[PDB]
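> What follows is a single structure, and I will ask about it in a moment.
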Amino acid sequence: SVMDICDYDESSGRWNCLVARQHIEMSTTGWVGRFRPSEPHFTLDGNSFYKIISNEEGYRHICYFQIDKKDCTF
Amino acid sequence: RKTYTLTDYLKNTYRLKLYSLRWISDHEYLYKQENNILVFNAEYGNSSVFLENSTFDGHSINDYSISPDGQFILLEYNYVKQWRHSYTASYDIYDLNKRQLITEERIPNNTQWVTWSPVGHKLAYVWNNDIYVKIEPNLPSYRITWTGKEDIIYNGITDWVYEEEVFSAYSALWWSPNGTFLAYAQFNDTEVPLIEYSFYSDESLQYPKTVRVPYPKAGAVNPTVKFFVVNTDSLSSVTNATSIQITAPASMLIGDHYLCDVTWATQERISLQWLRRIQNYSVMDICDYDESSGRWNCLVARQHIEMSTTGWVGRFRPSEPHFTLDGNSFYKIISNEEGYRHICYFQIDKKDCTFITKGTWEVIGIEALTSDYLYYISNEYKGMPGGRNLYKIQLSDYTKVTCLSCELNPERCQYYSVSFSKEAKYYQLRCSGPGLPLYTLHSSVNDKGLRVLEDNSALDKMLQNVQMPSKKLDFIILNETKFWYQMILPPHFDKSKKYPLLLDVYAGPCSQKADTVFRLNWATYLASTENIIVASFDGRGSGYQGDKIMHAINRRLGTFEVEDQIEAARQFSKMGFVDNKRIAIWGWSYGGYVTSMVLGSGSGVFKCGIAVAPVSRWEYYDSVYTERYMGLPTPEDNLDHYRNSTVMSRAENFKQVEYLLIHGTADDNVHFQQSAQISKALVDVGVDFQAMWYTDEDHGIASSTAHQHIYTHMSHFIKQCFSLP
Amino acid sequence: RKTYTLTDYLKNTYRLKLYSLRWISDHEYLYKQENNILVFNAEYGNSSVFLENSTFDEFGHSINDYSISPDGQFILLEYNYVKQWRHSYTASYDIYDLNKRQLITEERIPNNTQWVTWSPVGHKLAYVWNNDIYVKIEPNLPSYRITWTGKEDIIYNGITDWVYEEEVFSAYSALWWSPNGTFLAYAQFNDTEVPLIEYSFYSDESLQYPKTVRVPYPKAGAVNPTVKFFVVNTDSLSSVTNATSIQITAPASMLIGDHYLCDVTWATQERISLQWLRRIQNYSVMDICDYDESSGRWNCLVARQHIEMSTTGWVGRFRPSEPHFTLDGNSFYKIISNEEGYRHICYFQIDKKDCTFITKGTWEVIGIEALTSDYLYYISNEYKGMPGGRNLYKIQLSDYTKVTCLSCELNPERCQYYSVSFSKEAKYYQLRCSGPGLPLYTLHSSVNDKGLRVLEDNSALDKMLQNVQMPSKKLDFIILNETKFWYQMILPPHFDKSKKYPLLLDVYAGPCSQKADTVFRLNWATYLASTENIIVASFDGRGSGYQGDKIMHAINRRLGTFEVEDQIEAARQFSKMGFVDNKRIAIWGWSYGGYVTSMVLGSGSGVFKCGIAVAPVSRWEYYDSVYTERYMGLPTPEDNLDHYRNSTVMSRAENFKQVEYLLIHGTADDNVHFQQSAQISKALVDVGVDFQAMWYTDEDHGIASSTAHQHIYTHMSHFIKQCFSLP
Ligand SMILES: *[C@@H]1O[C@H](CO)[C@@H](O[C@@H]2O[C@H](CO)[C@@H](O)[C@H](O)[C@H]2NC(C)=O)[C@H](O)[C@H]1NC(C)=O
Ligand SMILES: CC(C)Cn1c(CN)c(-c2ccccc2)c2cc(OCC(N)=O)ccc2c1=O
Ligand SMILES: CC(C)Cn1c(CN)c(-c2ccccc2)c2cc(OCC(N)=O)ccc2c1=O
Ligand SMILES: *[C@@H]1O[C@H](CO)[C@@H](O)[C@H](O)[C@H]1NC(C)=O
Ligand SMILES: *[C@@H]1O[C@H](CO)[C@@H](O)[C@H](O)[C@H]1NC(C)=O
Ligand SMILES: *[C@@H]1O[C@H](CO)[C@@H](O)[C@H](O)[C@H]1NC(C)=O
Ligand SMILES: *[C@@H]1O[C@H](CO)[C@@H](O)[C@H](O)[C@H]1NC(C)=O
């Protein structure tokens, strides 16, 4: 599963999901999400978000993501 | 009583001497001496010979190149031209001291581009579409890229359209000021469609070759580009060199875009300008190197924009930046609040730059920047757009700006360019007219005249025995606007006679065919021998007069610049020394398009004309150029006009004129197709016309024999249309 | 009062009426009246309507052509016509049951069909599609797929490739039915190593990028197509089992190297004759092949091979002649060069080796037109020793010395060129007469050779041309080295021998060419003579045809030599005749003609002021192998490379400084490639010669589009007029 994050281009009037802000969630041992990928909760500015994902041990926990980094922090 | 004949032009009987030099350092330059090359000292004047170069002990050397430090010379031979700038050659290096060839680790045959570092003797070349680096001439190369594939990936070199239209160069390599980094662009033509044409070759080629070039015509899939930098120091041998991608900014990544400038700011600062495919929007990015990362970060505050609501941005592209030494500031020529192109002093942090120049004239380019002065060329003097002069401006106080070239020679010299010494301590002034060219060397220390390098008195001498034509530059006012023109006037020009007129037209966006440049060309012969007035006219679309005039044809090629060449002819005939019945018109490329369009207009003014490699409809010509002015040819953008502005649609009107269509069959640029469609259009309405194709000649029709042939054929045609014996 | 103008020619004001009829039985034929297709009865004429054209106007497509089934029960209807080369094309086809009266809609013939043909009797259908052969027994039944190997531009089953179309078979077809439709014989052509000619097609201004057309075309000395031959049995096809074709291989002496299949003729229901030609085209073999029941194979007994060869040149005029088998197929007639070098009818027996000639003389049999059991009918130029006349003769098979001329005397002033079309069993014949007077079409019975009627006599064109000052043709000869050589002159009206007329020389001059004949024509020359007062002349010199091999094989291995010299001489003779302005002699032509023109202008003769070369050959290495090599051999050190080297137009570039030259070539020319002219132009540029040029975008070798055809003649007219200072 791939999370895209799309910004409105003001002068263009169009939407643009930068590939640098694509986030991959995938599962090596099964499917992704409990019944589906967990929804994100954004910080006010939307530069950042929290999300339930399975950790390295298989347990689902709240990961803190930056709009621009691949890596999160549990 | 002798005139400048067709054969004088064709055989270069009357040669203009040049003084082409190059600055090895701040005090000395190089100059050719038939074959020998001497090292002139600009200070004292004394020199010393260094080489005998024109086939040097087994091949004939096409060009040379000194390594900044003066330790190695790079010899270029086996030159095989590709397009307008691109070519291929073999290269050899000498230990410039010992005068002995570097025999081991030779630079490979068929190299597409080579370059020294700006200091030292580092060497970066491209070969089979990939970038290689050489820290020493004798050590083996380190291979920077591995993705190069012919006609598809270009690492460090341009593809057709960037070469022609964006960079005006083959190279897409840029060393850092201190030879530590090599920045480069990589272009992808994978989904770019190929123009295909036959190449016939020597007659021993039994089957004609099909040449296939990736070439984006208006609307087609353009190429894409990625940009990279790599540390040329710390260049490991056991491992592929890593290259740090600077990505384009988000606003550009939204859609089709180009890379349109690359400028280093310091050792660790690099600036890139990107252009939306719709070229009314561009963006500069200033990128500092991160020592703690190995990476390049460009701030969003640091970004700048170059907008344009009335047309495109730039003359042909966004103007380049010239950074003060520190790198926290730079100057860039831009379109001012009411159209005129002027220098703007930018601080890296804020956006608001204040203009260091203003007025109803444009600066043509920034030439030199120092700690206390900025040197630039402009057409201010006597409000003449077709003049060029060198201006020195006080960075300390902007109101106080001296013109350096304006007054050196009023009558002989109104069109100067300049070449500065490595630092600026001295500089050369090229004066291209309106009199015979003059090359002079100046000390910038006290802006004093040091010496005359070449005054062309040789050509002057033998031109007094020749009845040369006269050149008149001037303007006419239309709708309260100053519209400039030039006339090549037969000798003994008596204006109670009625001469025939050949209208010489380019007329494309930002053209200038009416200027102060001295020329020995086909027009010289026409006026001197055939007593034809050859004239040009800078109408709407022309450059160096402000955007009011230049943007006048925005999204509207084929309209006002065509309409304005016609009133030009009306105005000339109104001056009372033109034969109404013998006004001709001709042009090449855009000029061919405009000539055709005029001949297609039904105006009644022109008797005949010659179009050479003309554009016939804009869908055929390349995307980068065309779209800048026309936009995309889609019903939701500008398709309607693309359709309305073709010469084919005006075939019926060629029934009133005599037309000569010339086109080279291996034109990579304006494709034969364009003329193939004009002819078919003309055939289908039943219009008779004259035709000439040139087998295997490109857009230059530049072969010795075809250049000779085209001009003879065109003279015969003009003479006949004009009833001249 | 008023003359024959350019616009007259171009627009076609003065129409020439044909009478195109189609025999279907021995007694009857199909004509097209006011579109409505009628059938006529040659005996009497009680000729009611056959297929009123009120039928096919709610068809919803354009009836390009048609074709009745032989037994008369169905009607193939061609539409969606898209021309390929000279003969080839594709189209859509619907069949229409005449008896049931409806159009068949099941198991239809596919769009894009390359060729269709009925069986000769009944109503079987063979057709080619996507390079494979399909057969129908009934129109409404599924096709039986005979071949599974066809591939675009590579393997051609039952149709010819480029070079076999243009040069060998003069047809797209390569399908031959047995006389009662039992067997279908066919050629397979493999072009794998045949290199491709490539050229730009620009299409409509709407096409943004030029298309690159790619045709397999063997130029002189290149790898040629190879050919295989098969016969399959159409009465024993099956749904369950793939139809198995039987190959007839070429004889030993042909397999030894490159070769061509050059003729296929059925002798009987169970006997086929094949003629093969070696790549060096001076040796050819006819195989007579018989069906064998027990094996199911075809045996081509070595003892019945018939060798035809040439010592002086090549075999055939352009290809060995076709045999004409007697009913029992045990014997045949064909035209072959005799020991004197004159082409004549020779009677061969299957078993025996030597023939008996039944015609002879210093004239040639042109074609065998029909064979019954009582008479052999043929066309020759015997009459009045005019090699440019054509007449019908009938040989009495019981005593071949008894020979009658059917057409000679019918109308000798008006009529000296004749072609003929016989009814199915030859009991009736249409005579078509092409000049020197107005064309005349007439129907005749073979029983007495009684003249039944005039089909078309063009009186409309006549009572119309009387108000026009027409030129006169003069057909005559001059003598060079004991030999008659013939020429024709279109002479302006009121031609006066006191006057120096400007002269244009209309040249072909290729091997077996003949531009001096009694044919009547309305063309560009008719305009140049009627309006511009220019004598258009043509001259058949060495190389030219129908005058024996001594003349025709004179240019053997030596193109661009004698045929060129002879044109310069004809000019000299025409000047010496005293009614020509030496200062205004032009020369023009097309193909070979444009090569000769170009070779003449580059000759330094000084005789000619100007010329026009339209789609010229410039260098024989550029032209196709089958034609060029027949005359030039191979372009190798071991054969004839030096003369290929010598015979180029480009090598004479310098001497175009001595003439005014117009070079015209269409860019999509598949036959004489634009290359050829691109190389002439280039050579002329490299030596500083000025000249006129004109390309025609997307036009081919015919420059035949309505608007292009008009443009070219208009442009050539201006050039000529100007070369001759005409107003
Ligand atoms: C050049 O650009 C093309 C796309 O225009 C790239 O090829 C896509 O590449 C991916 C990944 O390899 C493939 O799965 C797609 O199928 C490709 N599409 C096409 C049309 O080729 C190519 O990889 C790029 N190369 C470089 C060096 O940038
Ligand atoms: C803009 C540059 C980056 C490249 N460039 C181009 C690229 N479009 C063209 C040109 C313009 C329209 C059509 C085809 C070519 C051109 C045309 C010139 O015309 C001479 C005349 N007609 O007087 C001179 C120079 C140039 C030129 O330098
Ligand atoms: C012989 C056939 C099998 C095919 N064929 C060929 C062979 N390709 C040629 C020809 C000869 C040399 C060069 C290119 C074409 C030709 C040329 C003609 O020119 C007429 C004139 N110039 O007045 C008319 C007809 C033909 C023609 O029918
Ligand atoms: C082509 O032929 C098919 C069947 O052979 C027919 O049904 C169809 O209408 C034709 N047209 C197109 C556009 O395919
Ligand atoms: C055609 O091409 C080559 C001969 O060059 C051969 O390999 C192949 O068998 C041939 N194909 C057919 C279908 O005959
Ligand atoms: C016929 O031959 C084809 C091609 O070799 C093959 O694929 C198929 O099995 C056969 N088809 C029929 C209808 O027997
Ligand atoms: C057609 O010819 C074949 C082979 O000779 C023969 O067997 C058959 O009877 C003939 N058919 C007709 C209808 O005469």
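Chain lettering (A, B, ...) mirrors the order of the structure tokens, residue numbering begins at 1 for each chain separately, and ligand numbering begins at 1 in order of display.
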Hey, which residues sit close to ligand 2? Say within 7 Å, counting only C-alpha atoms and all ligand atoms, and write them as a ChimeraX atom specification.

/B:164-166,168,316,505-506,508,587-591,615,625,669-670

> Write out as a list in words the residues lying within 9 Å of residue 17 (chain A), counting only C-alpha atoms and excluding same-chain residues fewer than 6 positions away.

residues 4, 5, 6, 7 and 8 of chain A; 254 of chain B

> Taking only C-alpha atoms and all ligand atoms into account, report as a ChimeraX atom specification which residues have an atom no farther than 12 Å from an atom of ligand 4.

/C:60-61,79-80,91-94,105-113,129

> Would you save the residues of that selection, restricted to C-alpha atoms, as a PDB file, in the first residue's frame?


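Below you can see part_2.pdb, which holds the result:
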```pdb
ATOM      1  CA  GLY C  60     -23.946   2.016 -49.118  1.00  0.00           C
ATOM      2  CA  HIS C  61     -20.522   1.847 -50.831  1.00  0.00           C
ATOM      3  CA  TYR C  79     -15.026  -1.640 -53.088  1.00  0.00           C
ATOM      4  CA  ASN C  80     -12.731   0.117 -50.600  1.00  0.00           C
ATOM      5  CA  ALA C  91     -10.136  -3.791 -51.352  1.00  0.00           C
ATOM      6  CA  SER C  92     -13.353  -5.042 -49.792  1.00  0.00           C
ATOM      7  CA  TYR C  93     -15.612  -7.559 -51.578  1.00  0.00           C
ATOM      8  CA  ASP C  94     -19.247  -8.560 -51.268  1.00  0.00           C
ATOM      9  CA  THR C 105     -23.661 -11.943 -45.689  1.00  0.00           C
ATOM     10  CA  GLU C 106     -22.126 -15.103 -44.126  1.00  0.00           C
ATOM     11  CA  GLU C 107     -18.521 -16.305 -44.342  1.00  0.00           C
ATOM     12  CA  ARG C 108     -17.761 -13.034 -46.101  1.00  0.00           C
ATOM     13  CA  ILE C 109     -14.563 -12.067 -47.899  1.00  0.00           C
ATOM     14  CA  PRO C 110     -12.531 -10.011 -45.408  1.00  0.00           C
ATOM     15  CA  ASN C 111     -11.693  -6.318 -45.643  1.00  0.00           C
ATOM     16  CA  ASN C 112      -8.152  -5.634 -46.956  1.00  0.00           C
ATOM     17  CA  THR C 113      -8.167  -8.550 -49.402  1.00  0.00           C
ATOM     18  CA  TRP C 129      -5.371 -12.027 -47.361  1.00  0.00           C
TER      19      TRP C 129
END
```

> Around ligand 6, which protein and nucleic acid residues have at least one atom no more than 12 Å from it, if we count only C-alpha atoms and all ligand atoms? List them as a PyMOL selection string.

chain C and resi 132+142-150+237-244

> With ligand 3 as the partner and 8 Å as the cut-off, tabulate the residues of chain C that qualify, each row holding the nearest pair of atoms and their distance in Å to one decimal, using only C-alpha atoms and all ligand atoms, sorted by chain and rising number, as a tab-separated table.


```
residue	atom	partner	partner_atom_place_in_ligand_line	distance
C:166	CA	ligand 3	4 (C)	5.4
C:167	CA	ligand 3	3 (C)	4.2
C:168	CA	ligand 3	3 (C)	6.2
C:169	CA	ligand 3	3 (C)	7.4
C:170	CA	ligand 3	3 (C)	5.8
C:318	CA	ligand 3	1 (C)	6.2
C:506	CA	ligand 3	23 (O)	7.8
C:507	CA	ligand 3	23 (O)	6.5
C:508	CA	ligand 3	22 (N)	4.1
C:509	CA	ligand 3	22 (N)	7.6
C:510	CA	ligand 3	12 (C)	6.3
C:513	CA	ligand 3	20 (C)	7.9
C:515	CA	ligand 3	23 (O)	7.3
C:589	CA	ligand 3	22 (N)	5.9
C:590	CA	ligand 3	22 (N)	4.4
C:591	CA	ligand 3	13 (C)	4.6
C:592	CA	ligand 3	12 (C)	4.4
C:593	CA	ligand 3	22 (N)	4.6
C:594	CA	ligand 3	22 (N)	7.3
C:616	CA	ligand 3	13 (C)	7.7
C:617	CA	ligand 3	13 (C)	6.5
C:623	CA	ligand 3	13 (C)	7.6
C:624	CA	ligand 3	8 (N)	7.9
C:627	CA	ligand 3	7 (C)	6.2
C:671	CA	ligand 3	14 (C)	7.0
C:672	CA	ligand 3	14 (C)	6.2
```

> Given the selection you just returned, output its residues as a file containing N, CA and C atoms, formatted as a PDB file, in the first residue's frame.


```pdb
ATOM      1  N   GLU C 166       6.221  -5.602 -60.574  1.00  0.00           N
ATOM      2  CA  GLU C 166       6.626  -4.661 -61.614  1.00  0.00           C
ATOM      3  C   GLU C 166       7.285  -5.326 -62.809  1.00  0.00           C
ATOM      4  N   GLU C 167       8.192  -6.272 -62.572  1.00  0.00           N
ATOM      5  CA  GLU C 167       9.134  -6.703 -63.606  1.00  0.00           C
ATOM      6  C   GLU C 167       8.904  -8.076 -64.220  1.00  0.00           C
ATOM      7  N   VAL C 168       8.350  -9.012 -63.457  1.00  0.00           N
ATOM      8  CA  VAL C 168       8.266 -10.390 -63.909  1.00  0.00           C
ATOM      9  C   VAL C 168       6.864 -10.767 -64.382  1.00  0.00           C
ATOM     10  N   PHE C 169       5.861 -10.598 -63.524  1.00  0.00           N
ATOM     11  CA  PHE C 169       4.487 -11.037 -63.837  1.00  0.00           C
ATOM     12  C   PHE C 169       3.523  -9.929 -64.223  1.00  0.00           C
ATOM     13  N   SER C 170       3.925  -8.689 -64.014  1.00  0.00           N
ATOM     14  CA  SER C 170       3.109  -7.532 -64.355  1.00  0.00           C
ATOM     15  C   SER C 170       1.719  -7.681 -63.802  1.00  0.00           C
ATOM     16  N   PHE C 318      10.938  -8.872 -72.655  1.00  0.00           N
ATOM     17  CA  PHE C 318      11.199  -8.575 -71.249  1.00  0.00           C
ATOM     18  C   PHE C 318      11.233  -9.861 -70.428  1.00  0.00           C
ATOM     19  N   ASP C 506      11.075  13.699 -77.659  1.00  0.00           N
ATOM     20  CA  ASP C 506      10.356  12.920 -76.625  1.00  0.00           C
ATOM     21  C   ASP C 506      11.002  11.538 -76.629  1.00  0.00           C
ATOM     22  N   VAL C 507      11.710  11.203 -75.554  1.00  0.00           N
ATOM     23  CA  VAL C 507      12.572  10.014 -75.551  1.00  0.00           C
ATOM     24  C   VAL C 507      12.208   9.024 -74.457  1.00  0.00           C
ATOM     25  N   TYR C 508      12.227   7.740 -74.832  1.00  0.00           N
ATOM     26  CA  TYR C 508      12.157   6.618 -73.909  1.00  0.00           C
ATOM     27  C   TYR C 508      13.463   5.873 -74.113  1.00  0.00           C
ATOM     28  N   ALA C 509      13.559   5.199 -75.260  1.00  0.00           N
ATOM     29  CA  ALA C 509      14.797   4.573 -75.743  1.00  0.00           C
ATOM     30  C   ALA C 509      15.346   3.446 -74.882  1.00  0.00           C
ATOM     31  N   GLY C 510      14.506   2.869 -74.023  1.00  0.00           N
ATOM     32  CA  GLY C 510      14.911   1.728 -73.216  1.00  0.00           C
ATOM     33  C   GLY C 510      14.865   0.492 -74.085  1.00  0.00           C
ATOM     34  N   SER C 513      11.956  -0.582 -76.239  1.00  0.00           N
ATOM     35  CA  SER C 513      11.091   0.581 -76.394  1.00  0.00           C
ATOM     36  C   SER C 513      10.662   0.734 -77.838  1.00  0.00           C
ATOM     37  N   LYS C 515       8.825   4.193 -79.612  1.00  0.00           N
ATOM     38  CA  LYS C 515       8.104   5.476 -79.547  1.00  0.00           C
ATOM     39  C   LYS C 515       7.669   5.961 -80.924  1.00  0.00           C
ATOM     40  N   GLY C 589      12.092  13.432 -71.098  1.00  0.00           N
ATOM     41  CA  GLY C 589      11.556  12.107 -70.897  1.00  0.00           C
ATOM     42  C   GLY C 589      11.484  11.686 -69.452  1.00  0.00           C
ATOM     43  N   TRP C 590      11.059  10.439 -69.288  1.00  0.00           N
ATOM     44  CA  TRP C 590      10.592   9.872 -68.038  1.00  0.00           C
ATOM     45  C   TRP C 590      11.234   8.482 -67.865  1.00  0.00           C
ATOM     46  N   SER C 591      11.677   8.137 -66.653  1.00  0.00           N
ATOM     47  CA  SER C 591      12.272   6.816 -66.386  1.00  0.00           C
ATOM     48  C   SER C 591      13.559   6.698 -67.173  1.00  0.00           C
ATOM     49  N   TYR C 592      13.729   5.547 -67.828  1.00  0.00           N
ATOM     50  CA  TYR C 592      14.755   5.374 -68.845  1.00  0.00           C
ATOM     51  C   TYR C 592      14.896   6.637 -69.703  1.00  0.00           C
ATOM     52  N   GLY C 593      13.758   7.182 -70.110  1.00  0.00           N
ATOM     53  CA  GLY C 593      13.745   8.362 -70.958  1.00  0.00           C
ATOM     54  C   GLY C 593      14.464   9.539 -70.327  1.00  0.00           C
ATOM     55  N   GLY C 594      14.225   9.724 -69.033  1.00  0.00           N
ATOM     56  CA  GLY C 594      14.863  10.781 -68.269  1.00  0.00           C
ATOM     57  C   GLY C 594      16.343  10.555 -68.030  1.00  0.00           C
ATOM     58  N   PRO C 616      14.013  10.283 -63.511  1.00  0.00           N
ATOM     59  CA  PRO C 616      15.066   9.584 -64.226  1.00  0.00           C
ATOM     60  C   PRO C 616      15.740   8.507 -63.405  1.00  0.00           C
ATOM     61  N   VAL C 617      16.280   7.512 -64.091  1.00  0.00           N
ATOM     62  CA  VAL C 617      17.321   6.659 -63.546  1.00  0.00           C
ATOM     63  C   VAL C 617      18.614   7.454 -63.695  1.00  0.00           C
ATOM     64  N   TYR C 623      18.642   0.933 -59.551  1.00  0.00           N
ATOM     65  CA  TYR C 623      17.373   0.433 -60.057  1.00  0.00           C
ATOM     66  C   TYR C 623      17.241  -1.048 -59.703  1.00  0.00           C
ATOM     67  N   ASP C 624      16.031  -1.609 -59.836  1.00  0.00           N
ATOM     68  CA  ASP C 624      15.780  -2.977 -59.377  1.00  0.00           C
ATOM     69  C   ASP C 624      16.572  -3.999 -60.168  1.00  0.00           C
ATOM     70  N   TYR C 627      15.048  -6.035 -63.904  1.00  0.00           N
ATOM     71  CA  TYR C 627      15.165  -5.211 -65.100  1.00  0.00           C
ATOM     72  C   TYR C 627      16.623  -4.938 -65.401  1.00  0.00           C
ATOM     73  N   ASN C 671       9.392   3.113 -57.365  1.00  0.00           N
ATOM     74  CA  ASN C 671       9.958   2.401 -58.524  1.00  0.00           C
ATOM     75  C   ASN C 671      11.330   2.951 -58.891  1.00  0.00           C
ATOM     76  N   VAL C 672      11.355   4.174 -59.405  1.00  0.00           N
ATOM     77  CA  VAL C 672      12.597   4.875 -59.644  1.00  0.00           C
ATOM     78  C   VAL C 672      12.692   5.804 -58.452  1.00  0.00           C
TER      79      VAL C 672
END
```

> Find the residues around residue 410 (chain B) up to 12 Å (only C-alpha atoms counted), leave out those fewer than 5 positions away in its own chain, and share them as number ranges by chain.

B: 381-382, 387-389, 404-405, 415-416, 431, 433-435, 516

> Taking 5 positions as the minimum chain separation for residues in the same chain, which residues sit within 7 Å of region 249-261 of chain C when counting only C-alpha atoms? Answer as a PDB file with N, CA, C and O atoms, in the first residue's frame.


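Listed below is the output, around.pdb:
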```
ATOM      1  N   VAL C 227      11.894 -17.984 -54.785  1.00  0.00           N
ATOM      2  CA  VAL C 227      10.562 -18.388 -55.198  1.00  0.00           C
ATOM      3  C   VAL C 227      10.392 -19.904 -55.063  1.00  0.00           C
ATOM      4  O   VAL C 227      11.301 -20.666 -55.374  1.00  0.00           O
ATOM      5  N   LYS C 228       9.246 -20.329 -54.546  1.00  0.00           N
ATOM      6  CA  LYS C 228       8.878 -21.750 -54.533  1.00  0.00           C
ATOM      7  C   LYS C 228       7.547 -21.895 -55.245  1.00  0.00           C
ATOM      8  O   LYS C 228       6.814 -20.918 -55.389  1.00  0.00           O
ATOM      9  N   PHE C 229       7.241 -23.098 -55.714  1.00  0.00           N
ATOM     10  CA  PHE C 229       6.009 -23.305 -56.470  1.00  0.00           C
ATOM     11  C   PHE C 229       5.193 -24.468 -55.961  1.00  0.00           C
ATOM     12  O   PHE C 229       5.732 -25.544 -55.741  1.00  0.00           O
ATOM     13  N   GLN C 275       7.985 -21.861 -66.590  1.00  0.00           N
ATOM     14  CA  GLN C 275       9.213 -21.361 -67.192  1.00  0.00           C
ATOM     15  C   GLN C 275      10.035 -20.683 -66.113  1.00  0.00           C
ATOM     16  O   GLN C 275       9.547 -19.778 -65.419  1.00  0.00           O
ATOM     17  N   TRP C 276      11.274 -21.138 -65.960  1.00  0.00           N
ATOM     18  CA  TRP C 276      12.199 -20.528 -65.024  1.00  0.00           C
ATOM     19  C   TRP C 276      13.286 -19.811 -65.788  1.00  0.00           C
ATOM     20  O   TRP C 276      13.642 -20.216 -66.880  1.00  0.00           O
ATOM     21  N   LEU C 277      13.816 -18.752 -65.195  1.00  0.00           N
ATOM     22  CA  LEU C 277      14.853 -17.942 -65.807  1.00  0.00           C
ATOM     23  C   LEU C 277      16.006 -17.779 -64.823  1.00  0.00           C
ATOM     24  O   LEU C 277      15.785 -17.448 -63.664  1.00  0.00           O
ATOM     25  N   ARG C 278      17.234 -18.027 -65.268  1.00  0.00           N
ATOM     26  CA  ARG C 278      18.421 -17.780 -64.427  1.00  0.00           C
ATOM     27  C   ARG C 278      18.574 -16.304 -64.115  1.00  0.00           C
ATOM     28  O   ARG C 278      18.098 -15.459 -64.877  1.00  0.00           O
ATOM     29  N   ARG C 279      19.255 -15.999 -63.010  1.00  0.00           N
ATOM     30  CA  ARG C 279      19.481 -14.605 -62.594  1.00  0.00           C
ATOM     31  C   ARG C 279      20.216 -13.808 -63.673  1.00  0.00           C
ATOM     32  O   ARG C 279      19.859 -12.671 -63.937  1.00  0.00           O
TER      33      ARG C 279
END
```
